[PDB]
2 protein chains.
Amino acid sequence: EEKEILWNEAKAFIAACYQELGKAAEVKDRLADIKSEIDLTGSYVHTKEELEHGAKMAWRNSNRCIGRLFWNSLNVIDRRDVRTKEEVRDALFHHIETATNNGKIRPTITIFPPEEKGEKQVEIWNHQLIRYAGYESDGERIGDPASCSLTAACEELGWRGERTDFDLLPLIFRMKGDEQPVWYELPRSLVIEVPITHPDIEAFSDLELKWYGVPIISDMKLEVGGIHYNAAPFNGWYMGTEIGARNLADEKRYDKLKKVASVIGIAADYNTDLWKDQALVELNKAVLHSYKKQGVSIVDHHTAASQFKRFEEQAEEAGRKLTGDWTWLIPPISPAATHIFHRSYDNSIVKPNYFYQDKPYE
Amino acid sequence: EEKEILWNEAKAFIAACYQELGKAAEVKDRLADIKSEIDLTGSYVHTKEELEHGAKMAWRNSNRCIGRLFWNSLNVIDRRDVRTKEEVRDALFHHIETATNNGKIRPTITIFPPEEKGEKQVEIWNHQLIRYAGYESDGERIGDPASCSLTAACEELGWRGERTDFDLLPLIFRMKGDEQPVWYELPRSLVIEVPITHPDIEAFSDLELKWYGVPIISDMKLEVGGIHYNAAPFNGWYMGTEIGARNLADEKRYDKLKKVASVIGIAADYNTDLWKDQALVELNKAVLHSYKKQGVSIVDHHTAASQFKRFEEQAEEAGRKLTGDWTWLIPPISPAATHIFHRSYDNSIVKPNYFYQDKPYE
Ligand code: HEM
Ligand code: HEM
Ligand SMILES: Nc1cccc(CCCCNCc2cccc(OCc3ccc4ccc(N)nc4c3)c2)n1
Ligand SMILES: Nc1cccc(CCCCNCc2cccc(OCc3ccc4ccc(N)nc4c3)c2)n1
Ligand SMILES: [Cl-]
Ligand SMILES: [Cl-]
């Protein structure tokens with residue numbers, strides 16, 4: 001049951017990782033330690049510093065991420081020591097608290113034990129650690145339609161949501177050996193939320209909109225040197241358009257543009273009035289104003305594109321090729337007002353990186 | 001000097017073209033007529049109906065065009081008979097008048113004689129038949145910066161612009177055999193223009209903005225059945241975003257967003273105010289309102305995307321594969337508010353089509 005492709009990925013990663021850390025001389029000894037270890041166990045264990053740097057490199061190589069400028073300040077939390085459900089839950093609880101940081105969000109990743117045989121040690125079911133539930137029974141739609149399948153899986157396992165439009169989903173994850181996952185309700189004190197108000201339009205609060213403070217992606221596999229960390233939730237702060245132009249605007253999500261147009265006092269009858277466009281701008285202005293007024297970190301898409309330009313420049317000075325996905329880097333609001341729109345990007349996949357993986361639920 | 005690749009393209013085009021026109025039985029005789037003609041002359045001549053349909057197929061295959069729904073109603077003008085400069089000029093004059101149609105714009109293409117030896121019979125220098133000049137001498141920028149190189153080439157040949165921000169460039173084209181092109185000033189009576197006003201903000205006219213009515217692309221090569229029509233100017237009507245989000249908004253074009261923000265009474269100091277976004281929407285609302293109030297055909301990007309969805313559906317019912325360039329089909333204003341954003345497109349190049357070609361000037 002060999003065919004160890006892992007040896008080749010380890011040679012590539014350790015060489016580059018130690019190259020960047022100045023530890024270039026330490027490479028031949030460490031690869032020797034690794035090759036024996038691969039022969040004795042079929043795998044190898046990253047150090048402390050390889051793991052932290054590999055997670056940073058993976059953010060740096062994420063073609064679709066516009067916020068990559070701060071890749072080197074990612075806060076890496078090593079929890080490869082976890083063995084029980086309560087330790088997994090507590091680590092996820094801790095990630096939320098330390099990432100939130102009373103609103104001064106810290107880009108943070110918690111790294112759980114990797115896949116051993118390709119067998120998961122911890123299998124997280126949440127798309128994000130904090131997300132709202134979605135319901136969809138006979139005509140009536142409640143909450144976030146994107147969470148319908150996960151919300152159904154949770155309720156099939158004993159959980160029950162109050163069926164508000166913003167029910168917090170529980171943490172749900174399965175351990176190795178168990179046939180079923182466990183779920184834990186989120187403590188309200190850990191979850192910061194932001195009511196959406198408008199700086200000029202006082203009636204905007206009548207929409208009773210809100211979103212959570214911290215997006216913590218928890219369904220992606222971090223791959224470092226051939227080691228597959230399927231459970232490694234990470235977070236940054238939001239870019240405003242993610243909330244105002246997608247989460248609250250998409251017809252398959254909260255679909256609020258019609259109601260936004262009514263409270264800002266414009267008609268929603270004619271395409272040539274550009275009412276969707278106007279409502280999108282006022283809603284996105286409201287999201288930024290609301291997060292800033294509360295003291296929760298956020299960035300607008302113009303500032304974010306300015307930072308990403310410096311990431312482009314910084315990559316060229318370091319002699320690293322830049323990779324990116326143009327179709328994901330452009331913002332969904334005024335993309336041509338950013339430099340990203342007016343250049344091209346090589347969409348090559350460089351490792352370490354973060355990758356999609358099949359949902360465990362149906 | 002053979003290596004006739006032309007025979008293969010003719011077999012592919014005539015088969016498909018006659019297939020769609022119901023003339024499937026007439027194919028073997030016509031290809032026989034073509035193969036002899038290729039052997040006798042090194043080329044072949046399209047019919048009347050092959051030419052008109054091939055130009056329509058070429059529009060249908062333009063991956064970057066969102067307005068392809070009306071491909072079958074393209075008005076094809078056959079001027080392969082032209083031989084002199086005055087006949088070329090008159091045909092271009094006529095194209096402008098009949099395409100404009102007092103504001104009820106007709107999608108029209110005028111097809112000049114194709115390349116014979118790869119040698120052009122008529123070589124058009126204009127990017128569009130109607131475009132504004134651009135100037136750029138010691139600090140001072142006037143007009144459309146995108147036209148600077150062409151405006152310089154025209155003035156090097158005796159033309160002189162009044163150096164307003166909206167100088168109409170002359171028609172400029174070279175005939176086969178001449179070392180130099182000729183240029184002809186555009187008659188003002190042929191060119192409809194639209195002053196940009198706002199439906200609600202009366203001060204918007206203080207910006208003194210305007211654009212021309214009809215975009216007539218004149219620098220692309222139409223390829224049909226291996227025959228290269230390098231001179232075949234075509235036109236549709238504008239999509240509003242082309243004017244309000246690019247021509248008047250780009251920093252490398254008319255760069256008006258700052259002045260738009262001032263007349264609509266918002267500050268242009270903070271990114272988080274989304275002032276560029278708001279100004280872009282009000283400017284694009286103004287463009288649509290202005291063209292509609294004048295009676296000049298235009299379409300908004302929402303209506304245009306709705307039409308393109310029906311083009312997608314119509315393509316599937318006809319059993320034709322759909323091709324498209326996602327990065328060009330999405331509008332630059334609220335792209336995620338259109339279905340285009342939320343699906344993918346195969347960017348394969350199918351012929352007949354329109355292709356870029358090297359500018360003749362420096
Ligand atoms: C610091 C704040 C951050 C901002 C503002 C930011 C911004 C974004 C945005 C706007 C997207 C595209 C979202 C979409 O349109 O679906 C994105 C994608 C992504 N970001 Fe970041 N990001 C940040 C931090 C991070 C961090 C810390 C990581 C991981 C180490 C990361 C990895 C990614 C990945 C993997 C994707 C693509 C996910 C996918 O394919 O669905 N980002 N980022
Ligand atoms: C009927 C009105 C039409 C509308 C509203 C329309 C709309 C558009 C738009 C918005 C673009 C992209 C422009 C850009 O972002 O640079 C485009 C590209 C294009 N359209 Fe159309 N179009 C129309 C008619 C036509 C016609 C009649 C033809 C030719 C038969 C045509 C062929 C093309 C081509 C070739 C491109 C790509 C040009 C390039 O690569 O630079 N379109 N169209
Ligand atoms: N602050 C932060 C911080 C860290 C990370 C992020 C972004 C993570 C979001 C995960 N994302 C999941 C997903 C997968 C598949 C489709 C999705 O839908 C949204 C979307 C976005 C861009 C598109 C571009 C082109 C196209 N055709 N579709 C798109 C769909 C989301 N944010
Ligand atoms: N009503 C109508 C009717 C008929 C045809 C048209 C469109 C013709 C416009 C010709 N176009 C020339 C051109 C060439 C190269 C760059 C240009 O710049 C604009 C642009 C547009 C989309 C982009 C998408 C991605 C990206 N990276 N850059 C883009 C640049 C224009 N309109
Ligand atoms: Cl999100
Ligand atoms: Cl244009």
# chains A, B, ... in the order shown; residues from 1 in each chain; ligands from 1
$ residues_near_ligand --ligand "ligand 5" --cutoff "9 Å" --atoms "only C-alpha atoms and all ligand atoms" --output "list in words"
residues 128, 131, 214, 215, 216, 217, 238, 242, 243, 246 and 247 of chain A
$ write_last_selection --atoms "C-alpha atoms" --output "CSV table (one decimal), in the first residue's frame"
chain,number,residue,atom,x,y,z
A,128,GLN,CA,-18.2,28.4,8.4
A,131,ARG,CA,-23.3,30.8,9.8
A,214,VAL,CA,-16.1,37.0,11.6
A,215,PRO,CA,-16.1,34.7,8.6
A,216,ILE,CA,-14.3,31.5,9.6
A,217,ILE,CA,-14.1,29.1,6.6
A,238,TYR,CA,-14.9,40.6,5.8
A,242,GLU,CA,-19.2,39.8,0.5
A,243,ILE,CA,-22.1,40.8,2.8
A,246,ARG,CA,-23.8,38.7,-2.2
A,247,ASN,CA,-24.9,37.4,1.2
$ residues_around --residues "range 162-178 of chain A" --least-positions-apart "2" --cutoff "8 Å" --atoms "only C-alpha atoms" --output "JSON list (two decimals) with N, CA and C atoms, in the first residue's frame"
[["chain", "number", "residue", "atom", "x", "y", "z"],
["A", 84, "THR", "N", -10.14, 14.36, 21.53],
["A", 84, "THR", "CA", -11.51, 14.15, 21.96],
["A", 84, "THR", "C", -12.44, 15.20, 21.36],
["A", 85, "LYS", "N", -13.74, 14.91, 21.44],
["A", 85, "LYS", "CA", -14.75, 15.85, 20.95],
["A", 85, "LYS", "C", -14.72, 17.15, 21.74],
["A", 89, "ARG", "N", -14.21, 20.86, 20.22],
["A", 89, "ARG", "CA", -15.17, 21.92, 20.48],
["A", 89, "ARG", "C", -14.51, 23.11, 21.16],
["A", 119, "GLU", "N", -7.55, 8.94, 5.98],
["A", 119, "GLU", "CA", -8.64, 8.82, 6.93],
["A", 119, "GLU", "C", -8.64, 10.04, 7.84],
["A", 120, "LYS", "N", -9.78, 10.71, 7.91],
["A", 120, "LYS", "CA", -9.88, 11.94, 8.69],
["A", 120, "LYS", "C", -9.85, 11.64, 10.19],
["A", 121, "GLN", "N", -9.07, 12.43, 10.92],
["A", 121, "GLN", "CA", -9.12, 12.37, 12.38],
["A", 121, "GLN", "C", -10.28, 13.20, 12.91],
["A", 122, "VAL", "N", -10.52, 14.36, 12.31],
["A", 122, "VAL", "CA", -11.64, 15.23, 12.66],
["A", 122, "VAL", "C", -12.27, 15.71, 11.36],
["A", 123, "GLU", "N", -13.60, 15.63, 11.28],
["A", 123, "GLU", "CA", -14.34, 15.94, 10.06],
["A", 123, "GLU", "C", -15.38, 17.00, 10.39],
["A", 124, "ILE", "N", -15.10, 18.25, 10.01],
["A", 124, "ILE", "CA", -16.00, 19.36, 10.31],
["A", 124, "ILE", "C", -17.08, 19.43, 9.24],
["A", 125, "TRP", "N", -18.33, 19.60, 9.68],
["A", 125, "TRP", "CA", -19.46, 19.69, 8.76],
["A", 125, "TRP", "C", -19.85, 21.13, 8.44],
["A", 126, "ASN", "N", -19.51, 22.09, 9.30],
["A", 126, "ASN", "CA", -19.86, 23.48, 9.06],
["A", 126, "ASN", "C", -19.09, 24.03, 7.87],
["A", 129, "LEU", "N", -17.67, 28.38, 10.81],
["A", 129, "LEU", "CA", -17.96, 28.16, 12.22],
["A", 129, "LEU", "C", -19.19, 28.94, 12.66],
["A", 130, "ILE", "N", -19.35, 30.15, 12.14],
["A", 130, "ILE", "CA", -20.53, 30.97, 12.39],
["A", 130, "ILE", "C", -21.26, 31.14, 11.06],
["A", 131, "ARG", "N", -22.46, 30.57, 10.97],
["A", 131, "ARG", "CA", -23.33, 30.80, 9.83],
["A", 131, "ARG", "C", -24.78, 30.62, 10.27],
["A", 132, "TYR", "N", -25.69, 31.25, 9.53],
["A", 132, "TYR", "CA", -27.10, 31.22, 9.87],
["A", 132, "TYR", "C", -27.79, 30.02, 9.21],
["A", 133, "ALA", "N", -28.82, 29.52, 9.88],
["A", 133, "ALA", "CA", -29.57, 28.38, 9.39],
["A", 133, "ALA", "C", -30.53, 28.82, 8.28],
["A", 134, "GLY", "N", -30.96, 27.84, 7.49],
["A", 134, "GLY", "CA", -31.91, 28.09, 6.42],
["A", 134, "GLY", "C", -33.01, 27.05, 6.34],
["A", 135, "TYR", "N", -34.25, 27.51, 6.16],
["A", 135, "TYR", "CA", -35.41, 26.63, 6.14],
["A", 135, "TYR", "C", -36.26, 26.90, 4.90],
["A", 142, "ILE", "N", -37.20, 30.65, 5.17],
["A", 142, "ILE", "CA", -36.71, 31.32, 6.37],
["A", 142, "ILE", "C", -35.19, 31.18, 6.41],
["A", 143, "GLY", "N", -34.51, 32.28, 6.72],
["A", 143, "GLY", "CA", -33.08, 32.22, 6.95],
["A", 143, "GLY", "C", -32.25, 32.24, 5.67],
["A", 144, "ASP", "N", -31.12, 31.53, 5.71],
["A", 144, "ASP", "CA", -30.14, 31.54, 4.64],
["A", 144, "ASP", "C", -30.33, 30.31, 3.77],
["A", 151, "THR", "N", -28.60, 22.70, 7.58],
["A", 151, "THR", "CA", -29.62, 22.88, 8.61],
["A", 151, "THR", "C", -30.50, 21.64, 8.74],
["A", 154, "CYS", "N", -28.55, 18.90, 10.60],
["A", 154, "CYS", "CA", -28.46, 19.16, 12.03],
["A", 154, "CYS", "C", -29.76, 18.78, 12.74],
["A", 160, "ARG", "N", -32.64, 21.76, 16.93],
["A", 160, "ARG", "CA", -33.83, 22.44, 16.46],
["A", 160, "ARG", "C", -33.60, 23.94, 16.51],
["A", 180, "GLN", "N", -21.57, 8.87, 13.76],
["A", 180, "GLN", "CA", -22.33, 10.10, 13.70],
["A", 180, "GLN", "C", -21.50, 11.26, 14.24],
["A", 181, "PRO", "N", -21.75, 12.47, 13.77],
["A", 181, "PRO", "CA", -21.11, 13.65, 14.36],
["A", 181, "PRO", "C", -21.82, 14.06, 15.64],
["A", 182, "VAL", "N", -21.20, 14.99, 16.35],
["A", 182, "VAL", "CA", -21.81, 15.64, 17.50],
["A", 182, "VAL", "C", -22.02, 17.11, 17.14],
["A", 183, "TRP", "N", -22.99, 17.73, 17.81],
["A", 183, "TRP", "CA", -23.24, 19.15, 17.60],
["A", 183, "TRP", "C", -23.31, 19.86, 18.94],
["A", 184, "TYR", "N", -22.83, 21.10, 18.95],
["A", 184, "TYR", "CA", -22.81, 21.95, 20.14],
["A", 184, "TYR", "C", -23.36, 23.32, 19.78],
["A", 185, "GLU", "N", -24.35, 23.77, 20.55],
["A", 185, "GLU", "CA", -24.89, 25.11, 20.36],
["A", 185, "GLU", "C", -23.81, 26.16, 20.63],
["A", 186, "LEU", "N", -23.82, 27.22, 19.83],
["A", 186, "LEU", "CA", -22.82, 28.28, 19.98],
["A", 186, "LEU", "C", -23.20, 29.21, 21.13]]
$ residues_near_ligand --ligand "ligand 3" --cutoff "10 Å" --atoms "only C-alpha atoms and all ligand atoms" --output "PyMOL selection string"
(chain A and resi 59+62+64-68+107-108+127-128+146+214-220+233-243+246-247+250+298-299+325-332+356) or (chain B and resi 326-327+330+335-336+339-345)
$ residues_around --residues "range 315-317 of chain A" --least-positions-apart "2" --cutoff "12 Å" --atoms "only C-alpha atoms" --output "NGL selection string"
:A and (60-61 or 68-71 or 308-313 or 319-323)
$ select_by_dssp --residues "range 45-282 of chain A" --states "strand (DSSP E or B)" --output "PyMOL selection string"
chain A and resi 75-78+108-111+122-124+128+132+134-137+140-143+168+171-175+182-184+193-195+210-212+216-217+221-224+227-229+234-235+238-239
$ atom_distance --atom1 "CA of residue 31 in chain B" --atom2 "CA of residue 78 in chain B"
22.0 Å
$ interface_residues --of "chain A" --to "chain B" --cutoff "10 Å" --atoms "only C-alpha atoms" --output "ChimeraX atom specification"
/A:199,240,245-246,249-251,257,270-282,284-289,292,298-304,326-327,331-338,341
$ write_last_selection --atoms "N, CA and C atoms" --output "CSV table (one decimal), in the first residue's frame"
chain,number,residue,atom,x,y,z
A,199,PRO,N,-25.9,55.5,7.2
A,199,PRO,CA,-25.4,56.8,7.8
A,199,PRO,C,-26.4,57.9,7.6
A,240,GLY,N,-16.5,44.2,2.5
A,240,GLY,CA,-17.9,44.6,2.6
A,240,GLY,C,-18.8,44.0,1.5
A,245,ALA,N,-23.2,42.7,-1.2
A,245,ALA,CA,-23.5,42.4,-2.6
A,245,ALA,C,-23.7,41.0,-2.9
A,246,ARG,N,-23.6,40.1,-1.9
A,246,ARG,CA,-23.8,38.7,-2.2
A,246,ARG,C,-24.7,38.0,-1.1
A,249,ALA,N,-27.7,40.2,-0.9
A,249,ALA,CA,-28.3,40.7,-2.2
A,249,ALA,C,-28.7,39.6,-3.2
A,250,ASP,N,-28.0,38.4,-3.1
A,250,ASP,CA,-28.3,37.3,-4.1
A,250,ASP,C,-29.7,36.9,-3.9
A,251,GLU,N,-30.3,36.6,-5.1
A,251,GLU,CA,-31.7,36.1,-5.0
A,251,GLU,C,-31.8,34.7,-4.3
A,257,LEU,N,-32.7,43.2,-2.2
A,257,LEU,CA,-32.5,44.4,-3.0
A,257,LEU,C,-33.9,45.2,-3.1
A,270,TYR,N,-38.4,49.7,-13.2
A,270,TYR,CA,-37.8,49.8,-14.5
A,270,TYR,C,-36.3,49.5,-14.4
A,271,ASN,N,-35.8,48.6,-15.3
A,271,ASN,CA,-34.4,48.3,-15.4
A,271,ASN,C,-33.6,49.5,-15.7
A,272,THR,N,-34.0,50.4,-16.5
A,272,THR,CA,-33.2,51.6,-16.9
A,272,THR,C,-33.1,52.6,-15.8
A,273,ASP,N,-33.9,52.4,-14.7
A,273,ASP,CA,-33.6,53.3,-13.5
A,273,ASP,C,-32.4,52.8,-12.7
A,274,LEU,N,-31.9,51.6,-13.0
A,274,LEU,CA,-30.7,51.0,-12.3
A,274,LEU,C,-31.0,51.0,-10.8
A,275,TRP,N,-32.2,50.6,-10.4
A,275,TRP,CA,-32.6,50.5,-9.0
A,275,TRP,C,-31.8,49.4,-8.3
A,276,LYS,N,-31.6,48.3,-8.9
A,276,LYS,CA,-30.7,47.3,-8.3
A,276,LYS,C,-29.3,47.8,-8.0
A,277,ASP,N,-28.8,48.6,-9.0
A,277,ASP,CA,-27.4,49.1,-8.8
A,277,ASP,C,-27.4,50.1,-7.7
A,278,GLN,N,-28.4,51.0,-7.6
A,278,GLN,CA,-28.4,52.0,-6.6
A,278,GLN,C,-28.6,51.4,-5.2
A,279,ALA,N,-29.5,50.4,-5.1
A,279,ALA,CA,-29.8,49.7,-3.9
A,279,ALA,C,-28.6,49.0,-3.4
A,280,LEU,N,-27.8,48.4,-4.4
A,280,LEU,CA,-26.6,47.6,-4.0
A,280,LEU,C,-25.6,48.6,-3.4
A,281,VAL,N,-25.5,49.8,-3.9
A,281,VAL,CA,-24.5,50.7,-3.4
A,281,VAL,C,-24.9,51.2,-2.0
A,282,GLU,N,-26.1,51.6,-1.8
A,282,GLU,CA,-26.6,52.1,-0.5
A,282,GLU,C,-26.5,51.0,0.5
A,284,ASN,N,-24.3,48.5,0.5
A,284,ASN,CA,-22.9,48.2,0.8
A,284,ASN,C,-22.3,49.4,1.6
A,285,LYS,N,-22.8,50.6,1.3
A,285,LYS,CA,-22.4,51.7,2.2
A,285,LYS,C,-22.9,51.4,3.6
A,286,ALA,N,-24.1,50.9,3.8
A,286,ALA,CA,-24.6,50.6,5.1
A,286,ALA,C,-23.8,49.6,5.8
A,287,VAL,N,-23.4,48.5,5.1
A,287,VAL,CA,-22.6,47.5,5.8
A,287,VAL,C,-21.3,48.0,6.3
A,288,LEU,N,-20.6,48.8,5.5
A,288,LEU,CA,-19.3,49.4,6.0
A,288,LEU,C,-19.5,50.3,7.2
A,289,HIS,N,-20.5,51.2,7.1
A,289,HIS,CA,-20.8,52.1,8.1
A,289,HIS,C,-21.2,51.4,9.4
A,292,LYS,N,-18.0,49.6,11.0
A,292,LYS,CA,-17.1,50.6,11.5
A,292,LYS,C,-17.7,51.2,12.8
A,298,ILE,N,-13.4,45.6,9.1
A,298,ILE,CA,-13.9,45.3,7.8
A,298,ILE,C,-13.1,46.2,6.8
A,299,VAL,N,-13.2,45.8,5.6
A,299,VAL,CA,-12.4,46.5,4.5
A,299,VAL,C,-13.4,46.7,3.3
A,300,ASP,N,-13.3,47.9,2.7
A,300,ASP,CA,-14.0,48.1,1.4
A,300,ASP,C,-13.2,47.5,0.3
A,301,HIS,N,-13.9,47.3,-0.9
A,301,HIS,CA,-13.3,46.7,-2.0
A,301,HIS,C,-12.3,47.6,-2.7
A,302,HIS,N,-12.4,48.9,-2.5
A,302,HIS,CA,-11.3,49.8,-3.1
A,302,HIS,C,-10.0,49.7,-2.3
A,303,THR,N,-10.1,49.8,-1.0
A,303,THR,CA,-9.0,49.7,-0.1
A,303,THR,C,-8.4,48.3,-0.3
A,304,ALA,N,-9.2,47.3,-0.4
A,304,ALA,CA,-8.7,45.9,-0.5
A,304,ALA,C,-8.0,45.7,-1.8
A,326,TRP,N,-8.6,35.9,-11.9
A,326,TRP,CA,-9.2,37.2,-12.2
A,326,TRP,C,-10.7,37.2,-11.9
A,327,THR,N,-11.4,36.1,-12.3
A,327,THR,CA,-12.9,36.0,-12.1
A,327,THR,C,-13.3,36.0,-10.6
A,331,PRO,N,-14.0,42.6,-7.6
A,331,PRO,CA,-15.2,42.7,-6.7
A,331,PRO,C,-16.5,42.7,-7.5
A,332,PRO,N,-17.6,42.3,-6.9
A,332,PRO,CA,-18.9,42.4,-7.6
A,332,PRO,C,-19.5,43.8,-7.6
A,333,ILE,N,-18.9,44.8,-7.1
A,333,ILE,CA,-19.3,46.2,-7.1
A,333,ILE,C,-18.2,47.0,-7.8
A,334,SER,N,-18.6,47.7,-8.9
A,334,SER,CA,-17.7,48.5,-9.6
A,334,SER,C,-16.3,47.8,-9.9
A,335,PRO,N,-16.3,46.7,-10.5
A,335,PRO,CA,-15.0,46.0,-10.6
A,335,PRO,C,-14.0,46.8,-11.5
A,336,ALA,N,-14.5,47.5,-12.6
A,336,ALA,CA,-13.6,48.2,-13.4
A,336,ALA,C,-13.0,49.5,-12.8
A,337,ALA,N,-13.5,49.8,-11.6
A,337,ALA,CA,-12.9,50.9,-10.8
A,337,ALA,C,-11.7,50.4,-10.0
A,338,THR,N,-11.3,49.2,-10.2
A,338,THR,CA,-10.1,48.6,-9.5
A,338,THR,C,-9.1,48.2,-10.6
A,341,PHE,N,-9.3,44.6,-12.5
A,341,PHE,CA,-10.0,44.4,-13.7
A,341,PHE,C,-9.2,44.6,-15.0
$ atom_distance --atom1 "CA of residue 155 in chain B" --atom2 "CA of residue 188 in chain B"
19.5 Å
$ select_by_dssp --residues "range 252-312 of chain A" --states "alpha helix (DSSP H)" --output "ChimeraX atom specification"
/A:257-263,275-294,301-312
$ atom_distance --atom1 "CA of residue 201 in chain B" --atom2 "CA of residue 197 in chain A"
25.6 Å
$ closest_residue --among "B:109, B:231, B:209, B:196" --to "ligand 2" --atoms "only C-alpha atoms and all ligand atoms"
B:109
$ closest_residue --among "B:73, B:263, B:101, B:90" --to "ligand 2" --atoms "only C-alpha atoms and all ligand atoms"
B:73
